[PDB]
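Asks: To start, I am sharing the structure in question, which I have written as structure tokens.
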Amino acid sequence: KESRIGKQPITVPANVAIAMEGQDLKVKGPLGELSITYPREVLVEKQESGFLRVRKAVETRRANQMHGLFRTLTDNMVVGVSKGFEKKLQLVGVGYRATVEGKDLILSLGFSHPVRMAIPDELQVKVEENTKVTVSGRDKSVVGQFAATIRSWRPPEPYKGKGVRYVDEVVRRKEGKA
Amino acid sequence: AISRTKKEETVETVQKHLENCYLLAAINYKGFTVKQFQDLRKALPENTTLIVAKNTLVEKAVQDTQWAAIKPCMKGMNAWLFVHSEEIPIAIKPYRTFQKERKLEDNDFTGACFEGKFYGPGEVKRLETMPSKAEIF
Amino acid sequence: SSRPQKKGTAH
Amino acid sequence: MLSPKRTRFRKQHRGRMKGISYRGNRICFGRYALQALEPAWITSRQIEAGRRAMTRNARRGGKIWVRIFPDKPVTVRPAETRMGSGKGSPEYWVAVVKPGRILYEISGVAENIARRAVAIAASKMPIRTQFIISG
Amino acid sequence: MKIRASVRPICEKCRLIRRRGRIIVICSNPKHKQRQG
Amino acid sequence: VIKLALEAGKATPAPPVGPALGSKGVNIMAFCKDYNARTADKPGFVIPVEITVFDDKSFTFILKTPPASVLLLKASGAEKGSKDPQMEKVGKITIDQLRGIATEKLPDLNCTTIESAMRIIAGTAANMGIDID
Amino acid sequence: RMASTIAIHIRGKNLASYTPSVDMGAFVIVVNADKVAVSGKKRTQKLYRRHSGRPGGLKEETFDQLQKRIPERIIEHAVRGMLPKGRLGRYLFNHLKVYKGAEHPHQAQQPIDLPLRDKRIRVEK
RNA sequence: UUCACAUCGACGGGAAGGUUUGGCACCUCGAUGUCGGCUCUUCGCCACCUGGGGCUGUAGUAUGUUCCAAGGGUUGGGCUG
RNA sequence: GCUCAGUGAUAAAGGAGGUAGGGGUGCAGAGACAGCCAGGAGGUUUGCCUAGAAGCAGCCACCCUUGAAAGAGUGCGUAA
Ligand SMILES: [Mg+2]
Ligand SMILES: [Mg+2]
Ligand SMILES: [Mg+2]
Ligand SMILES: [Mg+2]
Ligand SMILES: [Mg+2]
Ligand SMILES: [Mg+2]
Ligand SMILES: [Mg+2]
Ligand SMILES: [Mg+2]
Ligand SMILES: [Mg+2]
Ligand SMILES: [Mg+2]
Ligand SMILES: [Mg+2]
Ligand SMILES: [Mg+2]
Ligand SMILES: [Mg+2]
Ligand SMILES: [Mg+2]
Ligand SMILES: [Mg+2]
Ligand SMILES: [Mg+2]
Ligand SMILES: [Zn+2]
């Protein structure tokens, strides 16, 4: 009940259509549709002033953790269908490059083969041949995921900073060879 | 923190610096060096008193001394000027020139109080044009 | 291992 | 290594360890102290090590009293020695401590350096212990 | 990652977490990573 | 912007100064003779100097405090300070040498009075082992 | 909790006419055998092992692999444990008819529903 | 080099195992018998190699140490009871 | 009332924002914790040592001043 997260109500802006059936929430915003189901304890209230205030059926430690989580969840699916989410990763090195073509993202990371990546519907990936890549999508979870999958292939190494990194990163740089 | 005794003696020292002075000057500061703080404190303590205080610490010290019409000046950060000795224009004039050098250094003039009356950010221009005690007398 | 077990009537 | 200079009989009874020690209970010398929580047998080597550890970790802090001492002998029979034909040879010396007993006393430091030093001391002890402050 | 019975924060930036029942130490620098066990 | 330590009326040796601030694009003879003229206007002492440089290679420099350790080494008549300050005392200076070293170093301090400068110099002399009364 | 009730009825222990040496019991038809519920982490932990009879002939399934592969075995194996063992035991166990679907082809036998007097037997989410 | 915890880790302590050398004498005395090879298995994991990893005082190659891992592998000879 | 470990079958030192209680002691309504904005100064590059030691290799001293506050400096870093 006293989580500084669950007390703050969520603002649903105009352009945002909120359809509530029981514990199941379907939001249709400018960019598309997002669906989630709530657990037993969490009761989210759709106000008359156009706000979302989260309340909880009982207080277990369980439900406390729960309502904090879900207030942030559905704030992120609201702000997700309204505006959207952009994860941006740049690549550092010699010969490193990326090309979006049709349904694939082609990565040349210095492997023998070109790495092919199937891009999901919900995502739109913009590419700078200047070795930057931004992915935009309405769901924070899925964009974050795919971003990580990119970064996975060649994680940033310590010495020369080479590899795929997020736009803002502290990369421990050891001095090799001294 | 600060004990209630130290804050009652601080509001009492600010009220005793309030009763002797004829004019108030409100100034807010965010993101500035200590060097120009100590140059402003080379120029100020000579002719005038400068006191940096909390919103409520200024509230309960000014309400009683009948400076209350200055209550909207206490929203946001608060640094104050009382004139104990020298005139009003010799204190108010350096602060606006220091706000024209502080344009990129983040200073703004909220308001001043003279004759028991409240003058806004632009109405203190008059308080700057006033002459020294040699020209008035 | 410096501890024994409980055999028979002990147990 | 602490040890008695003389005794008549070499060999001695295991004895039996019971109760509280009411006498060594107080802290009469220093400021902070290490108190023995449990009924055990301290070899001279352990006291040595604990003292050395506390001494080195304290250094610039002044004083360490050792409030105990290993005056009771202990005997062992060699390896592959069939049982019978006499009690064995005394190898080492132990001190018998019971719960409540004080081991180490320490003075000349802030309470922090003392808590840390006493911890490193209690690490070489066979027994559970406690940190106490003078009254 | 070191694995040991006794895990302590070895500096200021260290953090003791609980992951799937086991106690771990995550830090800024990789040498201070530990797992209980 | 670079910080160097130079002698009073002597400038432009090859190893200490010229290459160091001359690889940042600073003119050597103008800085060295302006610094010798500015140490000829004040009392000549060893000066740590901060030389600020700009994109057009022009430069403006501020002469910092002539060291209170060097001024209190020449005021107590000694050369080397005390290896263990406040344990072994290597000399003594009067309060008038306090006000003198705090008048020469007064344009270079942040102090608002002469008593603050005098207690600053008494603190530095309490720091290098030199007694003051 | 269900398998206990099942065992009681199969064995006959709820009839006044009960006899240990005879089958007075019922038939029981268990349906929707993949929807059966189990508490705790048990779905991923509880362990069904069976052994070949050669050395290193041990095989282990988590409850869930089992329930995806042949889910009836779960309830068959949980009731068989609570029946008597031995001749009358086995002959009994043949009266337990289990189906994974919501449907059973016994409609001819006119099944009644099984009474449950247990409080905790019904789980809710 | 700086740095206890890359790698070692003195003085001490807390354990597990039941493979070494032992204590016991519960065991079998009538014909319940020890060490190596051959053949033939089989199992454990405290992992030698092969599969995946974390840390390095890991530039690279090669290590070091440690984590999960026992599916498979683990030569032929000169010499010895 | 408690446990979420299938603990409920067995073992220790040690470890721990596990969890449910109980007891002291700190602060706060002139606003406490966390976050975020700024400041973090002058002596001085403390003395010694060292080619250099400038808070930050080592040693000793560890005061004073301007102050809302600021250690002769907690860690990183520079040949310095
Ligand atoms: Mg045993
Ligand atoms: Mg008793
Ligand atoms: Mg007695
Ligand atoms: Mg112990
Ligand atoms: Mg350790
Ligand atoms: Mg016998
Ligand atoms: Mg026979
Ligand atoms: Mg293993
Ligand atoms: Mg391997
Ligand atoms: Mg490895
Ligand atoms: Mg190498
Ligand atoms: Mg294997
Ligand atoms: Mg095998
Ligand atoms: Mg094998
Ligand atoms: Mg061979
Ligand atoms: Mg168990
Ligand atoms: Zn750390």
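Simple scheme: letters A, B, ... for chains in structure tokens order, numbers from 1 for residues in each chain, numbers from 1 for ligands in the order shown.
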Based on DSSP run over this structure's backbone, return all residues of region 48-110 of chain D in strand (DSSP E or B), as a list in words.

Replies: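 Selecting the strand (DSSP E or B) positions of region 48-110 of chain D gives residues 63, 64, 65, 66, 72, 73, 74, 75, 76, 89, 90, 91, 92, 93, 94, 95, 96, 97, 102, 103, 104, 105, 106 and 107 of chain D.
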
Asks: Take the residues from that selection and put them in a file with N, CA and C atoms, as an mmCIF file, in the first residue's frame.

Replies:
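So the final result, stored in part_20.cif, reads:
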data_model
loop_
_atom_site.group_PDB
_atom_site.id
_atom_site.type_symbol
_atom_site.label_atom_id
_atom_site.label_comp_id
_atom_site.auth_asym_id
_atom_site.auth_seq_id
_atom_site.Cartn_x
_atom_site.Cartn_y
_atom_site.Cartn_z
ATOM 1 N N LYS D 63 47.528 -1.857 23.908
ATOM 2 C CA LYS D 63 47.712 -2.900 24.920
ATOM 3 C C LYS D 63 46.790 -4.124 24.832
ATOM 4 N N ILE D 64 47.410 -5.296 24.956
ATOM 5 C CA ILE D 64 46.717 -6.578 24.935
ATOM 6 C C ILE D 64 47.105 -7.449 26.126
ATOM 7 N N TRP D 65 46.135 -7.698 26.998
ATOM 8 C CA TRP D 65 46.294 -8.645 28.092
ATOM 9 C C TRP D 65 45.769 -10.018 27.682
ATOM 10 N N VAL D 66 46.527 -11.058 28.003
ATOM 11 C CA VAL D 66 46.051 -12.424 27.843
ATOM 12 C C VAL D 66 45.630 -12.949 29.216
ATOM 13 N N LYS D 72 47.409 -27.106 32.435
ATOM 14 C CA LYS D 72 47.051 -28.508 32.567
ATOM 15 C C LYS D 72 47.641 -29.320 31.412
ATOM 16 N N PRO D 73 48.443 -30.341 31.736
ATOM 17 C CA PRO D 73 49.120 -31.178 30.732
ATOM 18 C C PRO D 73 48.171 -32.079 29.943
ATOM 19 N N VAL D 74 48.573 -32.474 28.735
ATOM 20 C CA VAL D 74 47.796 -33.424 27.933
ATOM 21 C C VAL D 74 48.708 -34.392 27.188
ATOM 22 N N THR D 75 48.282 -35.649 27.220
ATOM 23 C CA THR D 75 49.097 -36.783 26.833
ATOM 24 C C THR D 75 48.534 -37.517 25.598
ATOM 25 N N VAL D 76 49.434 -38.059 24.766
ATOM 26 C CA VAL D 76 49.059 -38.830 23.567
ATOM 27 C C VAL D 76 49.974 -40.060 23.376
ATOM 28 N N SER D 89 52.852 -39.973 26.129
ATOM 29 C CA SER D 89 53.760 -38.844 26.371
ATOM 30 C C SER D 89 53.012 -37.505 26.262
ATOM 31 N N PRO D 90 53.199 -36.586 27.246
ATOM 32 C CA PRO D 90 52.553 -35.271 27.070
ATOM 33 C C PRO D 90 53.117 -34.481 25.874
ATOM 34 N N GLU D 91 52.241 -34.136 24.928
ATOM 35 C CA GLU D 91 52.674 -33.423 23.716
ATOM 36 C C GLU D 91 52.651 -31.905 23.872
ATOM 37 N N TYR D 92 51.562 -31.419 24.463
ATOM 38 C CA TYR D 92 51.243 -29.998 24.509
ATOM 39 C C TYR D 92 50.529 -29.658 25.813
ATOM 40 N N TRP D 93 50.003 -28.443 25.892
ATOM 41 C CA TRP D 93 49.411 -27.943 27.124
ATOM 42 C C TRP D 93 48.128 -27.186 26.844
ATOM 43 N N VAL D 94 47.099 -27.405 27.653
ATOM 44 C CA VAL D 94 45.843 -26.713 27.410
ATOM 45 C C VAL D 94 45.386 -25.888 28.599
ATOM 46 N N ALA D 95 44.492 -24.953 28.314
ATOM 47 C CA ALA D 95 43.824 -24.159 29.327
ATOM 48 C C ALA D 95 42.342 -24.455 29.241
ATOM 49 N N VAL D 96 41.701 -24.700 30.375
ATOM 50 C CA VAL D 96 40.287 -25.045 30.341
ATOM 51 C C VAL D 96 39.427 -23.803 30.533
ATOM 52 N N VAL D 97 38.599 -23.486 29.538
ATOM 53 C CA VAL D 97 37.711 -22.332 29.657
ATOM 54 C C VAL D 97 36.234 -22.709 29.561
ATOM 55 N N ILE D 102 36.767 -14.606 30.443
ATOM 56 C CA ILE D 102 37.412 -13.621 29.563
ATOM 57 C C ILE D 102 38.744 -14.166 29.050
ATOM 58 N N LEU D 103 39.006 -13.930 27.772
ATOM 59 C CA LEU D 103 40.229 -14.386 27.137
ATOM 60 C C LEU D 103 41.188 -13.227 26.922
ATOM 61 N N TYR D 104 40.773 -12.300 26.065
ATOM 62 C CA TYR D 104 41.618 -11.186 25.669
ATOM 63 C C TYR D 104 41.071 -9.869 26.167
ATOM 64 N N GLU D 105 41.965 -9.033 26.681
ATOM 65 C CA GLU D 105 41.599 -7.669 27.021
ATOM 66 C C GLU D 105 42.418 -6.713 26.171
ATOM 67 N N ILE D 106 41.805 -5.615 25.758
ATOM 68 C CA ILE D 106 42.439 -4.716 24.811
ATOM 69 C C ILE D 106 42.124 -3.244 25.122
ATOM 70 N N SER D 107 43.166 -2.410 25.069
ATOM 71 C CA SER D 107 43.047 -0.979 25.360
ATOM 72 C C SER D 107 43.930 -0.123 24.435
#

Asks: What residues in chain B have any atom no more than 10 Å from chain F when counting only C-alpha atoms, and can you write them as a JSON list (two decimals) with N, CA, C and O atoms, in the first residue's frame?

Replies:
[["chain", "number", "residue", "atom", "x", "y", "z"],
["B", 35, "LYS", "N", 34.00, 31.47, -6.18],
["B", 35, "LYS", "CA", 34.93, 32.59, -6.36],
["B", 35, "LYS", "C", 34.18, 33.94, -6.47],
["B", 35, "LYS", "O", 34.58, 34.93, -5.83],
["B", 38, "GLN", "N", 32.60, 34.91, -3.21],
["B", 38, "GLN", "CA", 33.56, 35.60, -2.33],
["B", 38, "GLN", "C", 34.01, 36.99, -2.85],
["B", 38, "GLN", "O", 34.54, 37.79, -2.08],
["B", 39, "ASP", "N", 33.80, 37.26, -4.15],
["B", 39, "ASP", "CA", 33.97, 38.63, -4.69],
["B", 39, "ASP", "C", 32.73, 39.51, -4.39],
["B", 39, "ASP", "O", 32.86, 40.70, -4.04],
["B", 41, "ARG", "N", 31.09, 38.86, -1.85],
["B", 41, "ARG", "CA", 31.34, 39.02, -0.40],
["B", 41, "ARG", "C", 32.63, 39.80, -0.05],
["B", 41, "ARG", "O", 33.00, 39.92, 1.12],
["B", 42, "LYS", "N", 33.35, 40.27, -1.07],
["B", 42, "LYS", "CA", 34.30, 41.39, -0.92],
["B", 42, "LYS", "C", 33.59, 42.75, -1.02],
["B", 42, "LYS", "O", 33.91, 43.69, -0.28],
["B", 43, "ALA", "N", 32.62, 42.86, -1.94],
["B", 43, "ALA", "CA", 31.88, 44.11, -2.15],
["B", 43, "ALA", "C", 30.74, 44.38, -1.13],
["B", 43, "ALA", "O", 30.55, 45.53, -0.71],
["B", 45, "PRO", "N", 29.76, 43.01, 2.39],
["B", 45, "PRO", "CA", 29.69, 43.14, 3.86],
["B", 45, "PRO", "C", 30.14, 44.51, 4.41],
["B", 45, "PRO", "O", 29.83, 44.87, 5.54]]

Asks: Counting only C-alpha atoms (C1' of nucleotides), a student should be able to say which residues of chain G come within 10 Å of chain H; what is the right answer, written as a PyMOL selection string?

Replies: chain G and resi 54-56

Asks: Go ahead and write the selection's residues with N, CA and C atoms as a JSON list (two decimals), in the first residue's frame.

Replies:
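And here is the file that came out, again24.json:
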[["chain", "number", "residue", "atom", "x", "y", "z"],
["G", 54, "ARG", "N", 18.78, -52.86, -15.77],
["G", 54, "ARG", "CA", 20.23, -52.87, -15.99],
["G", 54, "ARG", "C", 20.88, -51.85, -15.10],
["G", 55, "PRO", "N", 22.18, -51.99, -14.85],
["G", 55, "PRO", "CA", 22.86, -50.91, -14.14],
["G", 55, "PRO", "C", 22.93, -49.64, -14.98],
["G", 56, "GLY", "N", 22.72, -48.50, -14.34],
["G", 56, "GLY", "CA", 22.66, -47.23, -15.04],
["G", 56, "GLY", "C", 21.44, -47.24, -15.92]]

Asks: Within 10 Å of ligand 9 (counting only C-alpha atoms (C1' of nucleotides) and all ligand atoms), which residues show up? I'd like them as a list in words.

Replies: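 Here is the list of contacting residues: residues 47, 49, 50, 51, 52, 53 and 69 of chain H.
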
Asks: When DSSP is applied to the backbone of this structure, which of chain G are assigned alpha helix (DSSP H)? Write them out as a ChimeraX atom specification.

Replies: /G:2-11,42-45,63-69,72-80,87-93

Asks: Kindly export the residues of the current selection with C-alpha atoms, as a PDB file, in the first residue's frame.

Replies:
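selection.pdb written:
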ATOM      1  CA  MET G   2      -8.209 -36.017  -5.025  1.00  0.00           C
ATOM      2  CA  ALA G   3      -6.363 -39.346  -5.328  1.00  0.00           C
ATOM      3  CA  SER G   4      -7.200 -40.089  -1.697  1.00  0.00           C
ATOM      4  CA  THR G   5     -10.894 -39.685  -2.299  1.00  0.00           C
ATOM      5  CA  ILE G   6     -10.599 -41.769  -5.419  1.00  0.00           C
ATOM      6  CA  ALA G   7      -8.801 -44.507  -3.478  1.00  0.00           C
ATOM      7  CA  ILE G   8     -11.503 -44.556  -0.780  1.00  0.00           C
ATOM      8  CA  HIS G   9     -14.231 -45.077  -3.324  1.00  0.00           C
ATOM      9  CA  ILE G  10     -12.424 -47.631  -5.353  1.00  0.00           C
ATOM     10  CA  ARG G  11     -11.602 -49.678  -2.301  1.00  0.00           C
ATOM     11  CA  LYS G  42       6.203 -29.228  -7.826  1.00  0.00           C
ATOM     12  CA  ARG G  43       5.448 -28.892 -11.540  1.00  0.00           C
ATOM     13  CA  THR G  44       9.184 -28.478 -12.147  1.00  0.00           C
ATOM     14  CA  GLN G  45      10.497 -30.509  -9.232  1.00  0.00           C
ATOM     15  CA  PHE G  63       6.262 -33.862 -13.616  1.00  0.00           C
ATOM     16  CA  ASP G  64       5.828 -31.515 -16.554  1.00  0.00           C
ATOM     17  CA  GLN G  65       7.630 -33.439 -19.261  1.00  0.00           C
ATOM     18  CA  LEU G  66       5.353 -36.277 -18.252  1.00  0.00           C
ATOM     19  CA  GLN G  67       2.193 -34.187 -18.378  1.00  0.00           C
ATOM     20  CA  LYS G  68       3.081 -33.024 -21.917  1.00  0.00           C
ATOM     21  CA  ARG G  69       3.963 -36.571 -23.115  1.00  0.00           C
ATOM     22  CA  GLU G  72      -2.756 -39.977 -17.657  1.00  0.00           C
ATOM     23  CA  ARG G  73       0.208 -41.837 -16.233  1.00  0.00           C
ATOM     24  CA  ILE G  74       0.433 -39.121 -13.595  1.00  0.00           C
ATOM     25  CA  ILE G  75      -2.933 -39.861 -12.020  1.00  0.00           C
ATOM     26  CA  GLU G  76      -2.717 -43.578 -12.613  1.00  0.00           C
ATOM     27  CA  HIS G  77       0.585 -43.566 -10.798  1.00  0.00           C
ATOM     28  CA  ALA G  78      -0.690 -41.383  -7.966  1.00  0.00           C
ATOM     29  CA  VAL G  79      -3.710 -43.548  -7.279  1.00  0.00           C
ATOM     30  CA  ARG G  80      -1.908 -46.855  -7.660  1.00  0.00           C
ATOM     31  CA  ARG G  87      -3.759 -59.457  -5.701  1.00  0.00           C
ATOM     32  CA  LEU G  88      -6.779 -57.489  -4.683  1.00  0.00           C
ATOM     33  CA  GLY G  89      -4.746 -54.337  -5.066  1.00  0.00           C
ATOM     34  CA  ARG G  90      -3.970 -54.835  -8.745  1.00  0.00           C
ATOM     35  CA  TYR G  91      -7.341 -56.223  -9.639  1.00  0.00           C
ATOM     36  CA  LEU G  92      -8.692 -53.094  -7.958  1.00  0.00           C
ATOM     37  CA  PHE G  93      -6.533 -50.746  -9.959  1.00  0.00           C
TER      38      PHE G  93
END

Asks: Compile the contact shell of residue 1 (chain C) as a ChimeraX atom specification: residues with an atom at most 10 Å away, counting only C-alpha atoms (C1' of nucleotides), same-chain residues fewer than 6 positions apart removed.

Replies: /H:15-18 /I:11

Asks: Within 12 Å of residue 54 (chain H), counting only C-alpha atoms (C1' of nucleotides), which residues show up once you throw out same-chain ones fewer than 5 positions away? Write them as a ChimeraX atom specification, please.

Replies: /E:1-3,30-35 /H:65-68

Asks: Go ahead and dump the residues you just picked, C-alpha atoms (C1' of nucleotides), as a PDB file, in the first residue's frame.

Replies:
ATOM      1  CA  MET E   1      33.711 -15.135 -10.550  1.00  0.00           C
ATOM      2  CA  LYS E   2      35.026 -16.521  -7.257  1.00  0.00           C
ATOM      3  CA  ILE E   3      32.827 -19.040  -5.485  1.00  0.00           C
ATOM      4  CA  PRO E  30      34.560  -7.885 -12.549  1.00  0.00           C
ATOM      5  CA  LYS E  31      37.077  -9.068  -9.905  1.00  0.00           C
ATOM      6  CA  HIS E  32      34.557  -8.402  -7.129  1.00  0.00           C
ATOM      7  CA  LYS E  33      31.968 -10.777  -8.543  1.00  0.00           C
ATOM      8  CA  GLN E  34      31.298 -13.668  -6.128  1.00  0.00           C
ATOM      9  CA  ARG E  35      28.830 -16.462  -5.656  1.00  0.00           C
TER      10      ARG E  35
ATOM     11  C1'   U H  65      42.485 -20.543 -11.793  1.00  0.00           C
ATOM     12  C1'   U H  66      37.513 -21.611 -11.174  1.00  0.00           C
ATOM     13  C1'   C H  67      32.027 -22.829 -12.632  1.00  0.00           C
ATOM     14  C1'   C H  68      28.373 -26.518 -15.139  1.00  0.00           C
TER      15        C H  68
END

Asks: Taking only C-alpha atoms (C1' of nucleotides) and all ligand atoms into account, which residues are within 10 Å of ligand 15, as a PyMOL selection string?

Replies: chain H and resi 75-77

Asks: Separation of CA of residue 29 (chain D) and CA of residue 135 (chain D), in Å?

Replies: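 Computing it gives 11.3 Å between the two atoms.
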
Asks: List the spatial neighbours of residue 35 (chain F) as an mmCIF file with N, CA and C atoms, in the first residue's frame - criterion: any atom at most 12 Å away, only C-alpha atoms (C1' of nucleotides), same-chain residues fewer than 2 positions off excluded.

Replies:
data_model
loop_
_atom_site.group_PDB
_atom_site.id
_atom_site.type_symbol
_atom_site.label_atom_id
_atom_site.label_comp_id
_atom_site.auth_asym_id
_atom_site.auth_seq_id
_atom_site.Cartn_x
_atom_site.Cartn_y
_atom_site.Cartn_z
ATOM 1 N N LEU F 4 52.776 26.273 -14.680
ATOM 2 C CA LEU F 4 54.229 26.063 -14.577
ATOM 3 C C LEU F 4 54.798 26.770 -13.338
ATOM 4 N N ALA F 5 56.026 26.438 -12.941
ATOM 5 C CA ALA F 5 56.701 27.177 -11.867
ATOM 6 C C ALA F 5 58.015 27.786 -12.354
ATOM 7 N N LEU F 6 58.104 29.116 -12.329
ATOM 8 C CA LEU F 6 59.282 29.794 -12.874
ATOM 9 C C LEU F 6 59.986 30.671 -11.821
ATOM 10 N N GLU F 7 61.263 30.973 -12.059
ATOM 11 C CA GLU F 7 62.043 31.867 -11.193
ATOM 12 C C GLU F 7 61.692 33.351 -11.417
ATOM 13 N N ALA F 8 62.059 34.202 -10.456
ATOM 14 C CA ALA F 8 61.649 35.618 -10.418
ATOM 15 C C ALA F 8 61.977 36.461 -11.666
ATOM 16 N N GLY F 9 63.256 36.764 -11.875
ATOM 17 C CA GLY F 9 63.686 37.578 -13.006
ATOM 18 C C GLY F 9 64.407 36.807 -14.109
ATOM 19 N N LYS F 10 64.305 35.475 -14.079
ATOM 20 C CA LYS F 10 64.938 34.598 -15.077
ATOM 21 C C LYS F 10 63.903 33.784 -15.866
ATOM 22 N N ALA F 11 63.992 33.834 -17.194
ATOM 23 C CA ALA F 11 63.071 33.077 -18.038
ATOM 24 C C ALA F 11 63.737 32.560 -19.327
ATOM 25 N N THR F 12 62.965 31.804 -20.112
ATOM 26 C CA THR F 12 63.418 31.094 -21.327
ATOM 27 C C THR F 12 64.687 30.198 -21.196
ATOM 28 N N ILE F 28 57.082 32.328 -26.803
ATOM 29 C CA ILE F 28 58.004 32.159 -25.665
ATOM 30 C C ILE F 28 58.584 33.481 -25.112
ATOM 31 N N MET F 29 59.024 34.381 -25.996
ATOM 32 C CA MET F 29 59.661 35.637 -25.569
ATOM 33 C C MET F 29 58.671 36.664 -24.969
ATOM 34 N N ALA F 30 57.435 36.697 -25.480
ATOM 35 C CA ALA F 30 56.383 37.592 -24.967
ATOM 36 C C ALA F 30 55.924 37.204 -23.547
ATOM 37 N N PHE F 31 55.627 35.917 -23.337
ATOM 38 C CA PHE F 31 55.296 35.375 -22.005
ATOM 39 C C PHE F 31 56.472 35.516 -21.028
ATOM 40 N N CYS F 32 57.686 35.178 -21.472
ATOM 41 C CA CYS F 32 58.860 35.237 -20.588
ATOM 42 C C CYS F 32 59.252 36.680 -20.163
ATOM 43 N N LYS F 33 59.243 37.645 -21.095
ATOM 44 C CA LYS F 33 59.561 39.051 -20.752
ATOM 45 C C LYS F 33 58.396 39.839 -20.105
ATOM 46 N N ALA F 37 58.802 41.261 -16.407
ATOM 47 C CA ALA F 37 58.385 42.646 -16.120
ATOM 48 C C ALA F 37 57.352 42.717 -14.981
ATOM 49 N N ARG F 38 56.443 41.736 -14.938
ATOM 50 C CA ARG F 38 55.461 41.609 -13.841
ATOM 51 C C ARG F 38 56.067 41.112 -12.513
ATOM 52 N N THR F 39 57.202 40.402 -12.578
ATOM 53 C CA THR F 39 57.955 40.029 -11.360
ATOM 54 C C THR F 39 59.038 41.099 -11.014
ATOM 55 N N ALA F 40 59.274 42.042 -11.935
ATOM 56 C CA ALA F 40 60.051 43.266 -11.651
ATOM 57 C C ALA F 40 59.204 44.396 -11.023
ATOM 58 N N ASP F 41 57.895 44.420 -11.317
ATOM 59 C CA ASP F 41 56.952 45.371 -10.683
ATOM 60 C C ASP F 41 56.673 45.044 -9.196
ATOM 61 N N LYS F 42 56.426 43.761 -8.901
ATOM 62 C CA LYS F 42 56.253 43.265 -7.525
ATOM 63 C C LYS F 42 57.629 42.900 -6.916
ATOM 64 N N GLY F 44 60.551 40.569 -6.349
ATOM 65 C CA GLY F 44 60.938 39.363 -7.060
ATOM 66 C C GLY F 44 61.028 38.134 -6.168
ATOM 67 N N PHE F 45 60.243 37.106 -6.500
ATOM 68 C CA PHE F 45 60.233 35.822 -5.781
ATOM 69 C C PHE F 45 59.972 34.683 -6.780
ATOM 70 N N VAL F 46 60.273 33.440 -6.393
ATOM 71 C CA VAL F 46 59.907 32.276 -7.207
ATOM 72 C C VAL F 46 58.382 32.278 -7.377
ATOM 73 N N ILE F 47 57.885 32.271 -8.616
ATOM 74 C CA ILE F 47 56.432 32.372 -8.848
ATOM 75 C C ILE F 47 55.870 31.109 -9.543
ATOM 76 N N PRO F 48 54.983 30.353 -8.849
ATOM 77 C CA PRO F 48 54.122 29.471 -9.652
ATOM 78 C C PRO F 48 53.148 30.320 -10.482
ATOM 79 N N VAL F 49 53.073 30.080 -11.792
ATOM 80 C CA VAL F 49 52.282 30.906 -12.712
ATOM 81 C C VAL F 49 51.335 30.033 -13.542
ATOM 82 N N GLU F 50 50.065 30.442 -13.617
ATOM 83 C CA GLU F 50 49.123 29.747 -14.502
ATOM 84 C C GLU F 50 48.939 30.543 -15.801
ATOM 85 N N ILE F 51 49.382 29.957 -16.917
ATOM 86 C CA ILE F 51 49.290 30.589 -18.242
ATOM 87 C C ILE F 51 48.088 30.022 -19.017
ATOM 88 N N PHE F 59 47.737 34.764 -25.336
ATOM 89 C CA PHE F 59 47.740 34.180 -23.996
ATOM 90 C C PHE F 59 47.605 35.237 -22.885
ATOM 91 N N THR F 60 46.854 34.894 -21.837
ATOM 92 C CA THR F 60 46.763 35.725 -20.633
ATOM 93 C C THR F 60 47.098 34.869 -19.397
ATOM 94 N N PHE F 61 48.021 35.352 -18.565
ATOM 95 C CA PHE F 61 48.518 34.573 -17.424
ATOM 96 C C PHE F 61 48.299 35.273 -16.068
ATOM 97 N N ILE F 62 48.002 34.481 -15.032
ATOM 98 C CA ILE F 62 47.853 35.001 -13.664
ATOM 99 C C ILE F 62 49.009 34.525 -12.765
ATOM 100 N N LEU F 63 49.717 35.474 -12.148
ATOM 101 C CA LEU F 63 50.810 35.142 -11.226
ATOM 102 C C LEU F 63 50.225 34.834 -9.854
ATOM 103 N N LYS F 64 50.396 33.587 -9.418
ATOM 104 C CA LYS F 64 49.844 33.126 -8.143
ATOM 105 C C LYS F 64 50.727 33.577 -6.980
#

Asks: Would you name the residues within 12 Å of ligand 2, counting only C-alpha atoms (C1' of nucleotides) and all ligand atoms, and put them as a ChimeraX atom specification?

Replies: /D:18-20

Asks: Enumerate residues in contact with ligand 17: an atom-to-atom distance of at most 7 Å, counting only C-alpha atoms (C1' of nucleotides) and all ligand atoms. Format the result as a PyMOL selection string.

Replies: chain E and resi 9-14+27-29+32
